[PDB]
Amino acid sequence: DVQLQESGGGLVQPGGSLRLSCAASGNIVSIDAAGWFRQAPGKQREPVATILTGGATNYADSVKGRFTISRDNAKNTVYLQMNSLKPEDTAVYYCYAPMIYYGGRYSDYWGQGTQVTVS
C-alpha cells in the first residue's frame, strides 16, 4: 500500500525559512487535497494548514502571513513554505492526505512525521 513521506525538515536559525514536502513513495497515487499538523514538545497536536480539491487554503491564526500551502499536481506532492520562523514553530510536523484510492479502496493516510527545530 501507500506510505506518505515528509521531508525538508531539519535545523534552521530563528528568522530562517524551510519548505516541507510530502509525497507517496513511488508516486503511485494522486493527492488532490491535504493538510499539515504540528506537535510541540509538551503540547497538543494542532492543525497548521489545509488545501482543498478546489485550491482553497486555510491556516491557523499563529501562522497566517508566514506559511503557505501548495501542491504540484504533476508529481502528487504537497508543499508547506515556512517563513519567519520563531522558537514557537519548533515541532514535529505531520502530513495528512484524506480519501486516497488504492488497491480497490479509499483510505486516509498519515506520514510518520518530520522534525523541525528553531534554535
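In case it trips you up, residue 1 is the first one in the sequence shown, and so on.
With 22-30 and 43-51 compared on mean CA B-factor from the PDB entry, the stretch scoring higher is 22-30. The deposited model assigns a higher average Cα B-factor to 12-20 than to the other stretch when 93-101 and 12-20 are compared. In this structure the maximum Cα B-factor among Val78, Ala60, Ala74, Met82 is found at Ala74. In this PDB entry, the Cα temperature factor of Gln115 sits in the middle third of its chain's modelled residues.
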